[PDB]
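# what's the 3D shape of this:
(chains A, B and C, ligands or ions: 15)
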Amino acid sequence: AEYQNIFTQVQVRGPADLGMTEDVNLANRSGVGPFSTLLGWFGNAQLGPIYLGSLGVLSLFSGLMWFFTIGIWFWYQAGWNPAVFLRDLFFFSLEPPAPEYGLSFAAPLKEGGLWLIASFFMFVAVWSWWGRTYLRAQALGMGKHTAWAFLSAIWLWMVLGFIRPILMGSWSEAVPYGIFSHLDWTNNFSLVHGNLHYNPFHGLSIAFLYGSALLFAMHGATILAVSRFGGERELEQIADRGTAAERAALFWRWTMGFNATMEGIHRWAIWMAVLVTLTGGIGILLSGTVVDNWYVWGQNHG
Amino acid sequence: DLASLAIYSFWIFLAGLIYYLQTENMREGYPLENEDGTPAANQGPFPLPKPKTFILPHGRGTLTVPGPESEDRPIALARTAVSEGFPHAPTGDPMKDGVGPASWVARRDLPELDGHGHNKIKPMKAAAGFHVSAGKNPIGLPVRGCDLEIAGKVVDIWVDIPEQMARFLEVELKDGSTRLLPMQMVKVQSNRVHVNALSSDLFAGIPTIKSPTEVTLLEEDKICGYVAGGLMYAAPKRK
Amino acid sequence: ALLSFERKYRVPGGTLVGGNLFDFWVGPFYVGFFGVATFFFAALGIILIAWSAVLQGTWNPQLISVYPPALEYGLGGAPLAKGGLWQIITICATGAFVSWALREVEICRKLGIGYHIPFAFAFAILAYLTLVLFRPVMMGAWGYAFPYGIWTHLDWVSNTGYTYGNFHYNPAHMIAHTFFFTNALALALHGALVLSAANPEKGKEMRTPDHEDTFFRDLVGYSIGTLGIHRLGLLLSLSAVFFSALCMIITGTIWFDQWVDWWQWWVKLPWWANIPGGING
Ligand code: BCL
Ligand code: BCL
Ligand SMILES: C/C=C1/c2cc3[nH]c4c(c3C)C(=O)[C@H](C(=O)OC)c4c3nc(cc4[nH]c(cc(n2)[C@@H]1C)c(C(C)=O)c4C)[C@@H](C)[C@@H]3CCC(=O)OC/C=C(\C)CCC[C@H](C)CCC[C@H](C)CCCC(C)C
Ligand SMILES: C/C=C1/c2cc3[nH]c4c(c3C)C(=O)[C@H](C(=O)OC)c4c3nc(cc4[nH]c(cc(n2)[C@@H]1C)c(C(C)=O)c4C)[C@@H](C)[C@@H]3CCC(=O)OC/C=C(\C)CCC[C@H](C)CCC[C@H](C)CCCC(C)C
Ligand SMILES: COC(C)(C)C(=O)C/C=C(\C)CC/C=C(\C)CC/C=C(\C)CCCC/C(C)=C/CC[C@H](C)CC/C=C(\C)CCC=C(C)C
Ligand SMILES: CCCCCCCCCCCC[N+](C)(C)[O-]
Ligand SMILES: CCCCCCCCCCCC[N+](C)(C)[O-]
Ligand SMILES: CCCCCCCCCCCC[N+](C)(C)[O-]
Ligand SMILES: CCCCCCCCCCCC[N+](C)(C)[O-]
Ligand SMILES: CCCCCCCCCCCC[N+](C)(C)[O-]
Ligand SMILES: CCCCCCCCCCCC[N+](C)(C)[O-]
Ligand SMILES: [Cl-]
Ligand SMILES: [Fe+3]
Ligand SMILES: [K+]
Ligand SMILES: [K+]
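Numbers count the residues shown, from 1 in each chain, chains lettered A, B, ... in the order given. Ligands and ions are numbered 1, 2, ... in the order given. See below for the structure:
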């Protein structure tokens, strides 16, 4: 049958591409990594280079500090026994301070002081990484869309681990670092607030979450369907519309009575996705601060 | 109640956003037209956005959208009905005329440039250091059409240099001239390359390019359009 | 009406059924045979839902609900007022979705593009048929399917899930969840990447895909590429739905206890089941 352009038939390699320079301090750019032929069947085969300035090493360092701080506590929960460490890997958990300690930093290390330590490293790593997404786009003269979208995910994470614990008066409200334990946190958060299915911002979050899989299915399928006219060369189809962009628009117009442009679809995309965590963070933030039971609230407000 | 205020606010913001997004997606193909090319009476409830202007790199100019809109080419079709909404029959050969699934757009008759100002796409022979690195190398394989006859032989690959991917196969025909086939429209097999969109006899009609070492956006659209149109238009006579 | 560039593409041909008979548009909408099918099925189903609404006794979107036949009915018909309406509406809905996808195929053939879109849509259709058809039939009753109502089908998600405890512990559901969240992440990045290149700093020139590759390599040391990101978005999305359908096809059939207990096969492995320490020793 016909070729579907899901997997490359013939990979070609040339000299390692070191990238645009613009205003980038090339001293902080690494050298290219190896070439993964495996990756090459789906996307690009070239790994690297990576930029790693000071903000970069800072972020990377505190990230592992966050991670090792958890894994240290996981080993101690395993009594340093490698066999139980793997056996119970999904059951270990680094829990926040008990409600007693409020918003203070007085809790002992094996009772949430360590949670606060790892949280601090996480705070540093994420926010520095955010700065990286702005700065790397600035160095290249590009818009700040990536950092602006990233802020929307940061919103929810900030609400879950920082803003909402503070507004509720204790660190005990925050999410624990652990595989099964934070799943339990999630389930119990819903039960305690009268079923998040009744949180209207939670419902919106789902609509955008589902919607993102819908839109990216539609979009990804459309571009593949017109990649026989260069459809994936989207920036040049924006600058000088081709038969690829016209067939794409007309598929949807004929199907559902309206359509996008090659640029506009990407505005639908960025908003569909960022609204997931935007509504999400609002709905968590309101929970227990303003609304204690979403069923109850739903009886009075709709 | 604060949550009620937040959710009411959000629904208002979401309506403004959808309105914004819809207008943003009217910077091509609008105003709507009747089948005869004139402005349609009913344009829908969304207005055209204020124009924006893209600064193209490499002195290539600008693009301002929405702007005056012309096909900038004749269109060999005619009405098949006395009222709106029916198909329009090709007045000639639809693959020769570039209509239907064989359609092409009058894109700029220059090639696409990379970030350094060089041509995005080159035949591999003229691309320093570029080689086949995985999968079957098609160069040298016979090319078979959907009528199961050999139409030519692969003589090079045309590669996207900044993205390092194959984009066309350059195929040589019986008369010694070449054509470009879109990479996405061939099947590289072990003993051949198979093209299901075209029969062997339609290969000579693939639009040719003017320079043997570059291809223009306009030429790509004629090649891609032509080959894709074979799916509907070759199928009758051959298969 | 037509877009500026539309008329050259409105040629005859592409249909799978009926030849030229339904080969025409209505405004922007293409019709075809499967446009008529879709209209018939959709209109029937909607009428039945409005009828099932009078039998229930409300014209309120937040209260209209259409429940399947109770478990007592097994896999057989039921009186319309008590789940026959749901059954026939399900047939309409399957009819309209499958018609819509086949109508998309015909649009694909007229336009000379690949079939990736209705193929992708068919994954959503099969998730639906998993909940309303495949899983019910494997379980012996239409009553295990979800009702058609805005809030009542949410209650069904909650009641079905809590039947197995916290449903998070369904391991296929864990994979599906990961694909959904990865997909959204890819969607935000992709949208923001193309726009940051098409809309650079004030007065600057429109950046290139080269800039897009450079940006991500600078950031994470890799760039999947402009063809790859579209392969990826499609693959994450369809995998999310596949593992969605899979996580429910196995629930109440091959596994029907608390999903949290499924994980004991790991911890009760012989080489470490009985070592003291940890959370389970
Ligand atoms: C998918 C896994 C679960 C399930 C779990 C949930 C959960 C959990 C939630 C929803 C939510 C919603 N679900 Mg549900 N839902 C299921 C199956 C369905 C089916 C179906 C035929 O299979 C449909 C039509 C819907 C439809 C809906 C909407 C009412 C709402 C937002 C969806 C959305 O944005 O999606 C992404 C799609 C788009 C953005 C495209 C537009 C889709 C539009 C909005 C659908 C309109 C449906 C219309 C009201 C149905 C009647 C149609 C007429 C009779 C013709 N669900 C199954 C059982 N669904 C949320 C809500 O708030 O509910 C009150 C919510 O929190
Ligand atoms: C029993 C469980 C409860 C319930 C309890 C909750 C709770 C509690 C929450 C959700 C949340 C969400 N739920 Mg719910 N949920 C239920 C039922 C459902 C159903 C369903 C089928 O019924 C669905 C589809 C969903 C779906 C969703 C999402 C729409 C939403 C999360 C958005 C998101 O992407 O967050 C994920 C995105 C983030 C967390 C942001 C991450 C950003 C940071 C900056 C990233 C840091 C990375 C770090 C440094 C590590 C790096 C590693 C790298 C490898 C280097 N829920 C039931 C009723 N749900 C959230 C929400 O918003 O609710 C309103 C939430 O907090
Ligand atoms: C709706 C909005 C969506 C969205 C949006 C956006 N999200 C973005 C951006 C945007 C727009 C970016 O611009 C940015 C980025 O750059 O993207 C490539 C980012 C990011 N979103 C991440 C994770 C994430 N987003 C989630 C959610 C959504 N986001 C939602 C759905 C979720 C969950 C839980 O759902 C998760 C886990 C990171 C990949 C990254 C932050 C890195 C960081 O802050 O690092 C700081 C940390 C480090 C530098 C190092 C940490 C050490 C690790 C643990 C490694 C140890 C390795 C070990 C030795 C080897 C094995 C590996 C093994 C553990 C596996
Ligand atoms: C597989 C990966 C994703 C995926 C993919 C794709 N999705 C596509 C396509 C692709 C690729 C298309 O090509 C196609 C389309 O054109 O897009 C614009 C489509 C579409 N996806 C829709 C809904 C959608 N996708 C969801 C999920 C994903 N999508 C997943 C995540 C979800 C949820 C819940 O998550 C929803 C609600 C419609 C907008 C549209 C079909 C219209 C239709 O078929 O019209 C024909 C039918 C009608 C006009 C109405 C029929 C009415 C019946 C007979 C009476 C009602 C019966 C019903 C059971 C009642 C339910 C009540 C409710 C409260 C429970
Ligand atoms: C082999 O073992 C070694 C030792 C090598 C290892 O290192 C193994 C490592 C591990 C096994 C680590 C495993 C890691 C996990 C299991 C991670 C699980 C984490 C989650 C599931 C995260 C859930 C959500 C996390 C959230 C929401 C965090 C929010 C953080 C806050 C926003 C931070 C706010 C900061 C605080 C509260 C501190 C005070 C703030 C200041 C500004 C000072
Ligand atoms: C999200 C995917 C991340 C892929 C990370 C690739 C790492 C960059 C490789 C740098 C190579 C440095 N070195 C030593 C080979 O020169
Ligand atoms: C940018 C795309 C807009 C997508 C539209 C989403 C439809 C929302 C329907 C979900 C209803 C949620 N709620 C509040 C009633 O629970
Ligand atoms: C989220 C709710 C879903 C509503 C579906 C909206 C579809 C609109 C199609 C409009 C096109 C028809 N027309 C003539 C106005 O162009
Ligand atoms: C969207 C804003 C969310 C917070 C608004 C103000 C509420 C802060 C918390 C105060 C009430 C919390 N508590 C414990 C008394 O319920
Ligand atoms: C949740 C998706 C919302 C879709 C919004 C509906 C848009 C329909 C209006 C499109 C206008 C078509 N028109 C008339 C300008 O050609
Ligand atoms: C539910 C529909 C799924 C979409 C199928 C995508 C591939 C279809 C190929 C159709 C070709 C039909 N035929 C036999 C005339 O060639
Ligand atoms: Cl925008
Ligand atoms: Fe795209
Ligand atoms: K409560
Ligand atoms: K070479």
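
# OK, contacts around residue 221?
As the question left the chain open, I've gone with chain A. C:116-117, C:119-120, C:234 (C-beta atoms under 8 Å, 6 or more residues apart in numbering or on different chains). Backbone N, C-alpha and C define where each C-beta goes, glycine included.

# correction: the question concerned chain C.
A:30, A:33, A:47-50.

# what's it sitting at in phi/psi?
phi 80, psi 10 (degrees, to the nearest 10).

# and for residue A:291?
phi -120, psi 120.

# and it, how far from residue A:160?
16 Å (C-beta to C-beta, to the nearest Å).

# now residue B:87
56 Å.

# show me where chain A has helices.
A:37-40, A:54-77, A:82-87, A:113-139, A:145-158, A:164-168, A:179-192, A:200-225, A:234-239, A:243-256, A:264-286, A:294-300 (DSSP state H).

# can you put the contacts of residue A:221 in CSV and add neighbour count and secondary structure?
Listed next are the contacts of residue A:221 as CSV, based on neighbours: other C-beta atoms under 10 Å in any protein chain shown; DSSP: H, G, I helix; E, B strand; the rest coil:
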residue, neighbour count, secondary structure
C:116, 24, helix
C:117, 27, helix
C:119, 20, helix
C:120, 25, helix
C:234, 26, helix
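
# distance to residue B:54 added to these, as TSV?
Output for the contacts of residue A:221, formatted as TSV (distance: C-beta to C-beta, whole Å):
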residue	distance to residue B:54
C:116	28
C:117	28
C:119	34
C:120	31
C:234	28
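
# now, which of the residues you listed lie close to chain B?
Residues of those in contact with chain B (C-beta under 8 Å from any C-beta of the partner chain): none.

# which one among those residues gets closest to ligand 5?
residue C:234 (27.6 Å; C-beta to the nearest ligand atom).

# pretty sure that closest one sits against residue A:225.
No: contact status for residue C:234 versus residue A:225: not in contact, 10.3 Å apart, counting by C-beta atoms under 8 Å.

# what touches both of the two?
Residues touching both residue C:234 and residue A:225 by C-beta under 8 Å, 6+ apart: residue C:116.

# name the strands paired with the strand ranked longest in chain B and say parallel or antiparallel.
Across chain B, the longest stretch assigned as strand under DSSP state E is strand B:150-160. Strand B:150-160 has the following strand partners under DSSP bridges: strand B:121-123 (antiparallel), strand B:142-144 (antiparallel), strand B:165-172 (antiparallel).

# how about the helices of chain B, start to end?
B:2-24, B:94-97, B:217-233.

# ignore what I typed, I meant the stretch 151-281 of chain C.
C:152-162, C:171-198, C:209-220, C:228-249, C:259-262, C:264-267 (DSSP state H, counting those that start in this stretch).

# and of those helices, who's closest to residue C:125?
helix C:228-249 (9.8 Å; C-beta to C-beta).

# C-alpha coordinates for the closest one, CSV please?
C-alpha atoms of helix C:228-249 as CSV (Å, rounded to 0.1, in the frame of the first residue of the first chain):
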residue,chain,number,x,y,z
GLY,C,228,9.0,14.5,13.9
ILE,C,229,6.9,16.7,16.1
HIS,C,230,3.9,16.0,14.0
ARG,C,231,4.6,12.3,14.0
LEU,C,232,5.0,12.7,17.8
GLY,C,233,1.8,14.6,18.5
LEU,C,234,-0.2,12.0,16.5
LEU,C,235,1.6,9.1,18.2
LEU,C,236,1.2,10.4,21.8
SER,C,237,-2.5,11.2,21.1
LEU,C,238,-3.4,7.9,19.6
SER,C,239,-1.4,5.9,22.2
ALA,C,240,-3.2,7.8,25.0
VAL,C,241,-6.5,6.6,23.5
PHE,C,242,-5.3,3.1,22.8
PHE,C,243,-4.2,2.7,26.4
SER,C,244,-7.4,4.3,27.5
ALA,C,245,-9.5,1.7,25.7
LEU,C,246,-7.0,-1.0,26.8
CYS,C,247,-7.2,0.0,30.5
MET,C,248,-11.0,-0.4,30.4
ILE,C,249,-11.2,-3.5,28.2
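
# do it and ligand 6 come into contact?
No: using C-beta under 6 Å from any ligand atom, we find that helix C:228-249 stays clear of ligand 6, coming within 11.7 Å at best.

# what sits closest to whatever residue of chain B ends up closest to ligand 10 if chain neighbours are left out?
Ligand 10 sits closest to residue B:44 of chain B, with a gap of 2.4 Å, by C-beta to the nearest ligand atom. Closest residue to residue B:44 apart from its sequence neighbours, by C-beta to C-beta, 6 or more residues apart in numbering or on different chains: residue B:32 at 7.3 Å.

# give the contact list for the residue nearest to residue A:83 when sequence neighbours are not counted.
Using C-beta to C-beta, 6+ apart and skipping residues adjacent in sequence, the residue nearest residue A:83 is residue C:272, 4.4 Å away. The neighbours of residue C:272, taking C-beta under 8 Å, 6+ apart as the test, are A:83-84, A:86-87.
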